[PDB]
Amino acid sequence: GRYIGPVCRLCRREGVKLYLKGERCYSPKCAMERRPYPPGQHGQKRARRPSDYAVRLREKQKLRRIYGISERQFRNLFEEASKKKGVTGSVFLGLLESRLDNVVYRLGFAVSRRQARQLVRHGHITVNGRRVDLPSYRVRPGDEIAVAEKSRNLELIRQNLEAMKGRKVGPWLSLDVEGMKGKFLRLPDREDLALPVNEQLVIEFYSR
Amino acid sequence: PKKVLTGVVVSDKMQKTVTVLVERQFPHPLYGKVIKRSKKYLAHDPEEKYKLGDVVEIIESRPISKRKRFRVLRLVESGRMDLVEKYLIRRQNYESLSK
Amino acid sequence: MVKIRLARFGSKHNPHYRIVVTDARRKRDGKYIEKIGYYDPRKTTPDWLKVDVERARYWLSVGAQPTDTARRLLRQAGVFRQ
Amino acid sequence: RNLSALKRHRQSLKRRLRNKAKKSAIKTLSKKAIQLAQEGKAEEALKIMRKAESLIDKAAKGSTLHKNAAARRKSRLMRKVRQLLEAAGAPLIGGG
RNA sequence: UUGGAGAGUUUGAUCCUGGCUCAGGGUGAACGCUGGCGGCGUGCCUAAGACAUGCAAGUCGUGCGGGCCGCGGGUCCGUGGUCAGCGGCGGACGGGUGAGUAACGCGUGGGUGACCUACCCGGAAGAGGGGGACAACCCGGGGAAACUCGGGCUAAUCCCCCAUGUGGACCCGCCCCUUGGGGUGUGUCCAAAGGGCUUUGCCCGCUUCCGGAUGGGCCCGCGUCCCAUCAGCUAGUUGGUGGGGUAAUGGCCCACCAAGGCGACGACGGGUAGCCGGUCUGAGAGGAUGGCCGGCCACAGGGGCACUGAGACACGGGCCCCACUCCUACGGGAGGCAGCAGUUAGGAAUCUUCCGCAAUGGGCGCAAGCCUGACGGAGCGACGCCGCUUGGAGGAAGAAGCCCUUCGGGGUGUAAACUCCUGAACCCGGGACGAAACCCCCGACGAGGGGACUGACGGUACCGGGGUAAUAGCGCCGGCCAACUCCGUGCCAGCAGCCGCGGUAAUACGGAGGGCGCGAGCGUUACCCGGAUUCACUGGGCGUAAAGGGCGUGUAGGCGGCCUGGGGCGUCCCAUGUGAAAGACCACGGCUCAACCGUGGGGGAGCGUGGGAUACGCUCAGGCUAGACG
RNA sequence: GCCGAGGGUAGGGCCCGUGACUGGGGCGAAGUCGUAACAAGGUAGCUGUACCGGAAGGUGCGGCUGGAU
Ligand code: SF4
Ligand SMILES: [Mg+2]
Ligand SMILES: [Mg+2]
Ligand SMILES: [Mg+2]
Ligand SMILES: [Mg+2]
Ligand SMILES: [Mg+2]
Ligand SMILES: [Mg+2]
Ligand SMILES: [Mg+2]
Ligand SMILES: [Mg+2]
Ligand SMILES: [Mg+2]
Ligand SMILES: [Mg+2]
Ligand SMILES: [Mg+2]
Ligand SMILES: [Mg+2]
Ligand SMILES: [Mg+2]
Ligand SMILES: [Mg+2]
Ligand SMILES: [Mg+2]
Ligand SMILES: [Mg+2]
Ligand SMILES: [Mg+2]
Ligand SMILES: [Mg+2]
Ligand SMILES: [Mg+2]
Ligand SMILES: [Mg+2]
Ligand SMILES: [Mg+2]
Ligand SMILES: [Mg+2]
Ligand SMILES: [Mg+2]
Ligand SMILES: [Mg+2]
Ligand SMILES: [Mg+2]
Ligand SMILES: [Mg+2]
Ligand SMILES: [Mg+2]
Ligand SMILES: [Mg+2]
Ligand SMILES: [Mg+2]
Ligand SMILES: [Mg+2]
Ligand SMILES: [Mg+2]
Ligand SMILES: [Mg+2]
Ligand SMILES: [Mg+2]
Ligand SMILES: [Mg+2]
Ligand SMILES: [Mg+2]
Ligand SMILES: [Mg+2]
Ligand SMILES: [Mg+2]
Ligand SMILES: [Mg+2]
Ligand SMILES: [Mg+2]
Ligand SMILES: [Mg+2]
Ligand SMILES: [Mg+2]
Ligand SMILES: [Mg+2]
Ligand SMILES: [Mg+2]
Ligand SMILES: [Mg+2]
Ligand SMILES: [Mg+2]
Ligand SMILES: [Mg+2]
Ligand SMILES: [Mg+2]
Ligand SMILES: [Mg+2]
Ligand SMILES: [Mg+2]
Ligand SMILES: [Mg+2]
Ligand SMILES: [Mg+2]
Ligand SMILES: [Mg+2]
Ligand SMILES: [Mg+2]
Ligand SMILES: [Mg+2]
Ligand SMILES: [Mg+2]
Ligand SMILES: [Mg+2]
Ligand SMILES: [Mg+2]
Ligand SMILES: [Mg+2]
Ligand SMILES: [Mg+2]
Ligand SMILES: [Mg+2]
Ligand SMILES: [Mg+2]
Ligand SMILES: [Mg+2]
Ligand SMILES: [Mg+2]
Ligand SMILES: [Mg+2]
Ligand SMILES: [Mg+2]
Ligand SMILES: [Mg+2]
Ligand SMILES: [Mg+2]
Ligand SMILES: [Mg+2]
Ligand SMILES: [Mg+2]
Ligand SMILES: [Mg+2]
Ligand SMILES: [Mg+2]
Ligand SMILES: [Mg+2]
Ligand SMILES: [Mg+2]
Ligand SMILES: [Mg+2]
Ligand SMILES: [Mg+2]
Ligand SMILES: [Mg+2]
Ligand SMILES: [Mg+2]
Ligand SMILES: [Mg+2]
Ligand SMILES: [Mg+2]
Ligand SMILES: [Mg+2]
Ligand SMILES: [Mg+2]
Ligand SMILES: [Mg+2]
Ligand SMILES: [Mg+2]
Ligand SMILES: [Mg+2]
Ligand SMILES: [Mg+2]
Ligand SMILES: [Mg+2]
Ligand SMILES: [Mg+2]
Ligand SMILES: [Mg+2]
Ligand SMILES: [Mg+2]
Ligand SMILES: [Mg+2]
Ligand SMILES: [Mg+2]
Ligand SMILES: [Mg+2]
Ligand SMILES: [Mg+2]
Ligand SMILES: [Mg+2]
Ligand SMILES: [Mg+2]
Ligand SMILES: [Mg+2]
Ligand SMILES: [Mg+2]
Ligand SMILES: [Mg+2]
Ligand SMILES: [Mg+2]
Ligand SMILES: [Mg+2]
Ligand SMILES: [Mg+2]
Ligand SMILES: [Mg+2]
Ligand SMILES: [Mg+2]
Ligand SMILES: [Mg+2]
Ligand SMILES: [Mg+2]
Ligand SMILES: [Mg+2]
Ligand SMILES: [Mg+2]
Ligand SMILES: [Mg+2]
Ligand SMILES: [Mg+2]
Ligand SMILES: [Mg+2]
Ligand SMILES: [Mg+2]
Ligand SMILES: [Mg+2]
Ligand SMILES: [Mg+2]
Ligand SMILES: [Mg+2]
Ligand SMILES: [Mg+2]
Ligand SMILES: [Mg+2]
Ligand SMILES: [Mg+2]
Ligand SMILES: [Mg+2]
Ligand SMILES: [Mg+2]
Ligand SMILES: [Mg+2]
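Protein chains in written order, with the authors' numbering: chain 1d, 2 to 209; chain 1q, 2 to 100; chain 1p, 1 to 82; chain 1t, 8 to 103.
Written out as structure tokens, the structure is:
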């Protein structure tokens, strides 16, 4: 299925911190904060300049490994935005975002997307009422995403809403803390989201 | 409508029957250029009044014999041997194409 | 006789009929003469039955013969009404 | 190891007899008439012809000959007959 | 204007030409390793080789007469179930397969004054009077069987004669029309059936005719692959006349008569293929393709033929011939899976001898209802697409083991251990949507209103409660191309798509550590398009790279100067018909999403018709002298 | 009685598989013989044709420069 393995080796390769755990990403026990160099026997050697192809694959796995997403779902989501109207780059990001497993995390229901999945797959989430255990739901404007009442009294979701008391959440999302319910206002302009990614280059990876 | 064609009589050597050659132009579907193709029809001349070189009109009709599906509609022109000679000379050239 | 009946479309465990006029000798989902509406037996949509009623009557005035569970679907949409 | 298709073949044979039977008769009196009108003898020729037409249209009632067949047959019967009388004449009965 | 990337390889080096090769997407796939769940699709591409067994087409007692058994009750009657029979309607639908066919088979636009259509609707009219056969059944003869002949009786919606002629048909005549269309007069010919209830009234049916609707037949224009190392082909051949034949035209068939018909715009011949909507690829143009699904065709062991029929030259009907297999009582007789499963053979390779008529649909029936391997579902197969799992947070300047090291240390690695949190699987309870009709009821057997019966999938999905940390594999790491070190080997063993690697320090072979790429998948083989502007219409070339005919002359053909008018063929525009459905696309909506599916929207070419335009190319006509000749 | 599936007789056409033996061709190579071509390649080369020679080739005739000086 999904990646499901050692995750610090990921940031270490990408050269950048991706926020793939939650808590530890912020402490100084974070791997990039100890070793900002690719994992394995040859990480401390001096790099050799990567080729154009080398560069693009790398920018792709960057954006991709963020989301914990399979290449198929990535490709298909991409090859949607390739077909659908307007500028490709924004729409790909947009459709990436409308994922429930993402939506849950951007709201702070979860500390990671990886946790935001187990939250989704274990039904602890609901969309406009109905229980939803599908990480892949394309959330639409006007949707209200909340916790199930039948699980609302759980240590993890209560404790994880504790941080959220007045925490900022992106412009297109609102959040009734304590009440455990959030709202999807619209899909992003590239501005709204600052993923550490040059998104044009991913198009060009696929232009090959 | 009963498809009406215009063409030249090039042989009347049968009883109550003429050969009306019809020509057509259209542009080549891949190569653009307009090209000439043509065809011979057997037309029913019950009134055996038509001669070699006549340009006439023919109309698709109920079957008369095998092959014969058109009757001659009306005369259009007379004495166009220059055209029959076009047809007749292409035939004569076929002798120099064998072994 | 030319008949009025329900050509099945949709998918498995997802029935979706097209109320239609086709030859009685056609295969159930074959090429037909004219479409005159649809019908969804699971009623999972606001309008699970719609009928151009002016049309169906043309055929009736000329000899189309409704199936039993089509006769009903025209009755519920009141084509038989006076 | 069987069915009702047998019943249907048994039926088809019995209708077969009946069909042939008329056709031979029909063709018999037709020629018999046309035979006479050729050497006519107009009255007998015309008389027998009435039993031809009769036996024809009756065949037309059923499976034997379709409507246009009986029509087709009569137009070749009469047209042959009358014009055979033009070689002599005159038509002594009806008709017509 | 939503659409277009290139690289490796001839050289010491260069530029160019040119091929080879690669990275992409795709498939009814197959093979290797591996393999957890579900949904929707989908699965003999080879031998249209051969097949055990069951099942795939029957139905009506509201057509008739019966035998048996039963309930009734007096040998007889009603009546029930059943079995054949006679008679209806169906069996020409549905389902299968792609052999044959290069063809009016298909696609597209049209013709039919040259045609048909059972059941259905609508319009007009009618049902009078007699007669008769064969099965059932009885009685003989012959077999293991297939069953079979003869003799005798019997009913009907079974066959036949007369009558009626609204009407129809046919010949002759006139009018209209204009290919055999419409009308009419003389003559002639043709109708029919009862059954059942609530019974001087309705319901199912019957007969003649007209129109409708639907399904067809036939005909024409145009489009449809390779070899010209197939160049000439043709005796029913091509036409005429007269007949035969059919619903109907026609050499479709026959007789006679004429000497004709076809061909480099590729006849004839050989090869290959069912065609299309579409599918795949592609920036487009184009290329490739036709499995699933929808339309048409063709075929039903191989051929030929007809019969019954509105319709067939008929898959589960008939006759014959052939090949093949079988059964036998050894005298004789039967079969046709390219229906659904299943066996076998061939093959790299392709499924359960399932459940059900509940639904949709079809056939019979007044109706109940009966039949339905169509169909609705279920089974099997990672074959395909889609969703989903093997957990999440915390957790050392960082355990052991293993790899590397200049022996200081670097790495696997937050990875593990361990802590808390969640709760796939499984256990308990609830439990579908899909199914309201037919029928019954009042009303009127109608309109309308009311009633009850019915679920294969299935105790499944789903809803609620409880609850276990719960499968990961495969390819690659010389350049293309993302990923590097140690050892082992020593032109050996081996790798290989191309260039190339291996001859004692191989990042290229074998293992390991580490790393890169995907993930219930990953790789391999085969094939299709792409990269290949490498058949070049878009969009290439020929002095020396592959490429000007040895030179003339001329046939067909392609192409053509300046001015004016007629026509309007090409060309452009407008209006209209067709361009089915599914699919594609855009929006929305339903399955928790998605795959899948529903609803609506938008078109196009191309062809038919009507009207318009006249510059260019065309044609016709009249001039000119710049081209050409004298 | 005609036509007629097909069976039988006879002679022809195209294609496929195969055949003692035979002709050259591709590849392999660490073999034998010579040295024809590339330098004026030690007789300038190539060429159509003709005759000849173990083999590359030679020579005649005419042609070309894509021949050094
Ligand atoms: S710790 Fe630093 S490296 Fe490890 S996951 Fe969080 S961010 Fe990426
Ligand atoms: Mg981030
Ligand atoms: Mg760059
Ligand atoms: Mg776009
Ligand atoms: Mg961020
Ligand atoms: Mg691409
Ligand atoms: Mg031609
Ligand atoms: Mg004729
Ligand atoms: Mg029967
Ligand atoms: Mg006789
Ligand atoms: Mg008949
Ligand atoms: Mg009849
Ligand atoms: Mg453009
Ligand atoms: Mg490219
Ligand atoms: Mg090289
Ligand atoms: Mg070279
Ligand atoms: Mg080199
Ligand atoms: Mg190249
Ligand atoms: Mg591929
Ligand atoms: Mg496998
Ligand atoms: Mg296995
Ligand atoms: Mg399945
Ligand atoms: Mg097959
Ligand atoms: Mg064999
Ligand atoms: Mg065998
Ligand atoms: Mg059965
Ligand atoms: Mg009845
Ligand atoms: Mg019964
Ligand atoms: Mg019975
Ligand atoms: Mg059928
Ligand atoms: Mg079929
Ligand atoms: Mg099927
Ligand atoms: Mg085929
Ligand atoms: Mg051919
Ligand atoms: Mg056609
Ligand atoms: Mg044609
Ligand atoms: Mg057509
Ligand atoms: Mg009687
Ligand atoms: Mg009697
Ligand atoms: Mg009478
Ligand atoms: Mg050619
Ligand atoms: Mg004739
Ligand atoms: Mg002929
Ligand atoms: Mg003859
Ligand atoms: Mg062949
Ligand atoms: Mg074929
Ligand atoms: Mg291209
Ligand atoms: Mg094909
Ligand atoms: Mg196929
Ligand atoms: Mg199909
Ligand atoms: Mg056949
Ligand atoms: Mg067979
Ligand atoms: Mg047979
Ligand atoms: Mg056959
Ligand atoms: Mg019938
Ligand atoms: Mg017929
Ligand atoms: Mg049959
Ligand atoms: Mg048959
Ligand atoms: Mg057939
Ligand atoms: Mg069969
Ligand atoms: Mg047996
Ligand atoms: Mg015996
Ligand atoms: Mg026998
Ligand atoms: Mg059997
Ligand atoms: Mg085998
Ligand atoms: Mg099988
Ligand atoms: Mg199946
Ligand atoms: Mg049913
Ligand atoms: Mg039914
Ligand atoms: Mg009925
Ligand atoms: Mg049955
Ligand atoms: Mg069954
Ligand atoms: Mg099925
Ligand atoms: Mg340390
Ligand atoms: Mg460390
Ligand atoms: Mg360690
Ligand atoms: Mg260490
Ligand atoms: Mg962890
Ligand atoms: Mg229900
Ligand atoms: Mg617990
Ligand atoms: Mg790979
Ligand atoms: Mg790659
Ligand atoms: Mg690299
Ligand atoms: Mg060794
Ligand atoms: Mg070594
Ligand atoms: Mg390698
Ligand atoms: Mg290695
Ligand atoms: Mg998947
Ligand atoms: Mg594969
Ligand atoms: Mg290619
Ligand atoms: Mg090309
Ligand atoms: Mg060009
Ligand atoms: Mg070129
Ligand atoms: Mg020259
Ligand atoms: Mg010459
Ligand atoms: Mg010249
Ligand atoms: Mg000329
Ligand atoms: Mg010209
Ligand atoms: Mg000009
Ligand atoms: Mg002009
Ligand atoms: Mg014009
Ligand atoms: Mg149009
Ligand atoms: Mg369409
Ligand atoms: Mg939705
Ligand atoms: Mg388009
Ligand atoms: Mg003009
Ligand atoms: Mg002039
Ligand atoms: Mg001059
Ligand atoms: Mg013969
Ligand atoms: Mg013979
Ligand atoms: Mg024989
Ligand atoms: Mg040989
Ligand atoms: Mg040899
Ligand atoms: Mg040899
Ligand atoms: Mg030398
Ligand atoms: Mg020399
Ligand atoms: Mg020399
Ligand atoms: Mg010489
Ligand atoms: Mg010697
Ligand atoms: Mg010498
Ligand atoms: Mg010279």
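Just so it is clear, CB atoms sit at the ideal spot from N, CA and C, and this is done for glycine as well.
- With fewer than 16 other Cβ atoms inside 10 Å of its own Cβ, residue 80 (chain 1d) counts as exposed.
- Straight through space, the alpha carbons of residue 38 (chain 1q) and residue 32 (chain 1q) are spaced by roughly 15 Å.
- A buried status is given to residue 106 (chain 1d), since no fewer than 16 other beta-carbon atoms sit within 10 Å of its beta-carbon.
- Per the DSSP secondary-structure output, residue 15 (chain 1q) pairs in a beta bridge with 18 (chain 1q).
- Restricting attention to beta strand (DSSP E) runs no shorter than 3 residues, the segment 40-126 of chain 1d encloses none.
- Considering only 134 (chain 1d), 179 (chain 1d), 188 (chain 1d), 173 (chain 1d), the residue with the shortest C-alpha distance to residue 167 (chain 1d) is 179 (chain 1d).
- Taking 3 residues as the minimum length, the beta strand (DSSP E) runs contained wholly in the segment 18-71 of chain 1q are 18-28, 35-45, 56-61, in order along the chain.
- For residue 29 (chain 1t), same chain residues with a beta-carbon under 6 Å away, outside a window of 5 residues either side, are 66, 71 in chain order.
- Within the same chain, 18, 19, 33 come within 6 Å of residue 12 (chain 1d) by CB-CB distance, once the 5 residues on both sides are set aside.
- In this structure, the beta-carbon distance from residue 144 (chain 1d) to residue 173 (chain 1d) does not fall below 8 Å.
- Contact annotation: residue 63 (chain 1t) and residue 80 (chain 1t) have beta-carbon atoms nearer than 8 Å.
- With contacts defined by Cβ atoms closer than 8 Å, residue 1 (chain 1p) and residue 65 (chain 1p) form a contacting pair.
- Between the alpha carbons of residue 197 (chain 1d) and residue 41 (chain 1p) lies a distance of about 51 Å.
- Ligand 12 approaches residue 67 (chain 1t) closely enough that one of its heavy atoms is under 7 Å from the residue's Cβ.
- Residue 41 (chain 1q) and residue 22 (chain 1q) do touch by the CB rule: their CB atoms are close to 5 Å apart, below 8 Å.
- Under the DSSP assignment, residue 175 (chain 1d) falls in the beta strand (DSSP E) whose first and last residues are 174-177.
- A straight-line Cα-Cα distance of about 39 Å links residue 199 (chain 1d) and residue 155 (chain 1d).
- If you compare the alpha carbons of 27 (chain 1p), 19 (chain 1p), 25 (chain 1p) with that of residue 50 (chain 1p), the shortest gap goes to 19 (chain 1p).
- No Cβ-Cβ contact shorter than 8 Å links residue 67 (chain 1p) with residue 26 (chain 1p).
- Per DSSP, the unbroken beta strand (DSSP E) holding residue 7 (chain 1p) starts and ends at 2-11.
- The segment 10-20 of chain 1q and the segment 81-88 of chain 1d do not touch, with fewer than 3 CB-CB distances between them shorter than 8 Å.
- In the three-state DSSP reduction, residue 154 (chain 1d) falls in the coil class, being neither helix nor strand.
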